[PDB]
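Values in this text are rule-based calculations from the coordinates and carry no lab data. Quick reminder, even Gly has a Cβ in these numbers, built from the backbone with ideal geometry, and neighbours come from all protein chains shown.
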């Protein structure tokens, strides 16, 4: 689901850090899929989640 | 003669749908495949409706007109509204485009399933019956009714619809769903002739269309 | 109980290995499933349609040949 | 030259036929080889030659 | 010091007709045309009735079996593919067991293929004679020796034609395997026919359309009680139901979903940098072959049991193998095994029968799952699809797993392929049992076979394209 | 550190750790051999996370 | 045997079976 920065500004600090601590696990599982060998549908989601983490940490700061 | 009468009935049933499709600009949007998808959704909903009726409702053995049965059928007609909502949500575009695509596809699918086979077999028969012409007009009334229902479902599904308008929309949807049951009960009660029944259905559909159009215009202007 | 253990241990290993296989299986994406289903449906429709027509054509032929 | 171009299809067909005959004769000689060890060595060489041709074709296509 | 079995069969092989392999690689469109022509011929043979059958309303013991075997009763395809499947099963099992050592030489391979064909033809002759002598078409004395000989010759020629058509498709004139195409077409035709048949069957109350959809429309049009007519169409006891059709559709979707399950192993070209492929180990690694082998074995057991019961009534071994009774319970006559092993092997007709005879249902389920798993494991070893063989194929294709030597690839493949085979066979058996209990039109085995065959044909089509 | 690694596998994977042996590869990255407690099974905690 | 001969043999067999049915009907009638 497209994580836009607009609907991130109303949420609470811990309702943001739970999203962060979920996206980082989705990264770890994608950097694992990359080395075990996975479908490009998964490999291409790395650029999507690294930037979702970027959006989250941006709204947090 | 039989072929000429069948051709006249088929033309009367089919050409209004084509005219609506061309005039509404759906052809410009290449909506034909979306209309086909809507018709497939109609077929799925009608199959689910038949399965629901058979599974949950035993046939009443009373000879007298089955008021409960007709009321139950009208209650099941809500599934058609749910299907129209699903089609509109699936289809992207302006509200008018969604309403017209849903209404046209649903009405065309109903026309094909319910009237073409009777037109093909019956209207080609030796005996002349007004019923085939009445059914061809009834398809056009159904098309208008579906346009009204789709517009009502779109209005209710609008996030911005004011609470004051919301009860009016719900009432209009209730009347649209129960229109068939009310018309059948009224025709049975008054022993109305087939032409009078068709006229009454046309009048009721026209009044529903006018009220829905007025509410739609008010809702659009309130946000314009 | 040794005979029971002898039967249970291979089955227990097989269950564990089956769980491992299922865990590593990639479940089909909805788009992949839809593509496969559409292709299979087309093949089924074509073969069933051809068979149905051939049978229908033969039935009158088979009623003249055998019926009489 | 124009005539040769006109006749070009016939020459390719004849060349393909002569290769089919040569390949058929090679298979027949392999079939006719009495010694199983000789037959296996010839067959393995023929298959490997085909494999080399296939790899070369795949490299040219790439 | 055993004289080679292939050498013993070599003089007979010369008489066998063998299709010449194409000198030139056939164009894809031409292959499609050949496949269509062969399928059309097969369907026509499936529809042409045998000459001289006396019209006996005798029970069909094999009705479930015929759909799997692509056989139609009273037609040139009465034997269907059963002799060819049986000969393939026997010859492959003998090779796997090493009772017959097949040399790597082409002469030995050609002899092996000829022997398998010869066994198929011998089985076809034996089965045709057996069917004529068993009275399936009427009493042999009443039919007369000339008619019995004519029927036997016709069945033999039909089987030979089917065998040649299958050889033609396998040799690369057409797409895929003729046996697979014939089975898939037969199942698809049977399901479509039951769904849309316009034939009317005179049930005692009334004339009823056989086709579930046509009957539903006719009943809805003709009956004042539309809801009751719809309910009758959904739960008809004597004819294919709409509910059965829905169950078939549900099974078909479920089977496709399970078919999609795969384990992707990352493979890289060793020679060329950056080429990433996945080697898919499918959940149904062994394909429909475990089902086909199990069904062929059960079919042969039923045929032998029915012959032994017909010819040697009251012998203890015959009763143990199977006792057959023709149950005309308000339906077309069906011969059911009421005792013996065949009874346990037979599928229960309904949940009601499962409730009445729980032991039979449990034994049938256990037998189907165990046999499918066993056949899948044996098949991988016989087929040359073992992890070692796959690794050899990858080495030949110059595909190497990243960070792993070719020897390592064998170990990694050997971790998954045996488990995948056995679990897939168990899952296939479970799906078959579930579909049979659900009463899916065309049989649970048939639906599974059709779905998987269609999927493998689609994969072949995409790969060639 | 070997301490940060130990306490970072005991957070992402919830597995007590026997010892950690690090080494910096010629590539530049720091490979780390983590040896699990006696009862915990590596083959079955790599089975979980994906590598198997 | 060529594929075209195999097809011809199959068609001839089918035609022969039809002819046998026709002859049987004529003999019965």
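For this structure, a couple of remarks:
- Filter result for residue A:27 (closer than 21 Å to residue C:29 by Cβ and away from chain E (no Cβ under 14 Å)): yes
- Sub-8 Å Cβ pairs linking a first residue in the range E:161-183 that is within 9 Å of chain G (Cβ to nearest Cβ) to a second residue that is outside any helix (DSSP H, G or I) and buried (at least 24 other Cβ atoms within 10 Å of the Cβ), at least 6 apart or interchain, are E:168/E:174, ordered by first then second residue.
- Any chance residue E:153 is farther than 23 Å from residue E:445 by Cα, in a helix (DSSP H, G or I) and within 14 Å of another protein chain (Cβ to nearest Cβ): yes
- Residue within the range E:75-97 that is more than 23 Å from residue E:289 (Cβ to Cβ) and within 12 Å of chain C (Cβ to nearest Cβ) present: yes
- Filtering the range E:211-235 to residues that are assigned to a loop (DSSP other than H, G, I, E, B) and touching a helix residue (DSSP H, G or I) at 6+ places or on another chain (Cβ under 7 Å) leaves E:211, E:223, E:235.
- Residues of the range E:42-69 that are more than 10 Å from chain C (Cβ to nearest Cβ) and assigned to a helix (DSSP H, G or I): E:45, E:63, E:64, E:65, E:66, E:67, E:68, E:69.
- Strands (runs of 3 or more DSSP E) within the range E:237-333 that include 2 or more residues within 14 Å of another protein chain (Cβ to nearest Cβ): E:262-269, E:276-282
- Filter pass, residue B:72 being surrounded by 17 or more Cβ atoms within 10 Å (Cβ to Cβ), in contact with a helix residue (DSSP H, G or I) (Cβ under 9 Å, 6 or more places away or on another chain) and within 14 Å of chain E (Cβ to nearest Cβ): yes
- Residue count, the range E:412-465 (criterion: touching a helix residue (DSSP H, G or I) at 6+ places or on another chain (Cβ under 8 Å), over 15 Å from residue E:280 (Cα atoms) and without any contact (Cβ under 8 Å) to a residue 12 or more places away in the chain): 1
- Residue, nearest to the other protein chains (Cβ to nearest Cβ), within the range E:395-411, restricted to residues that are out of contact with any helix residue (DSSP H, G or I) (no Cβ under 6 Å at 6 or more places or on another chain), assigned to a helix (DSSP H, G or I) and closer than 30 Å to residue D:56 by Cβ: E:396
- Matching entry among B:80, B:66 (being away from every other protein chain (no Cβ under 14 Å) and surrounded by 13 or more Cβ atoms within 10 Å (Cβ to Cβ)): B:80
- Number of the exception - residue E:126 against (1) more than 14 Å from every other protein chain (Cβ to nearest Cβ); (2) surrounded by 14 or more Cβ atoms within 10 Å (Cβ to Cβ); (3) part of a helix (DSSP H, G or I): (2)
- Residues that are more than 13 Å from chain G (Cβ to nearest Cβ) and either surrounded by 13 or more Cβ atoms within 10 Å (Cβ to Cβ) or closer than 19 Å to residue E:112 by Cβ (or both) within the range E:15-41 comprise just one, E:32.
- Candidates F:42, F:32, filtered to the one that is under 25 Å from residue E:411 (Cβ atoms) and either exposed (fewer than 10 other Cβ atoms within 10 Å of the Cβ) or in contact (Cβ under 8 Å) with a residue 24 or more places away in the chain (or both): F:32
- Checked against (1) at positive phi; (2) in contact (Cβ under 8 Å) with a residue 40 or more places away in the chain, residue E:384 passes all but condition (2).
- Candidates in the range C:14-68 are the residues that are more than 30 Å from residue G:19 (Cβ to Cβ) and assigned to a loop (DSSP other than H, G, I, E, B); of these, the one that is nearest to the other protein chains (Cβ to nearest Cβ) is C:28.
- Condition check for residue E:186: surrounded by fewer than 18 Cβ atoms within 10 Å (Cβ to Cβ), more than 14 Å from chain A (Cβ to nearest Cβ) and more than 30 Å from residue C:20 (Cα to Cα): no
- Given (1) within 14 Å of chain C (Cβ to nearest Cβ); (2) surrounded by fewer than 21 Cβ atoms within 10 Å (Cβ to Cβ); (3) within 18 Å of the chain's Cα centre (by Cα), number of the condition residue E:72 does not satisfy: (2)
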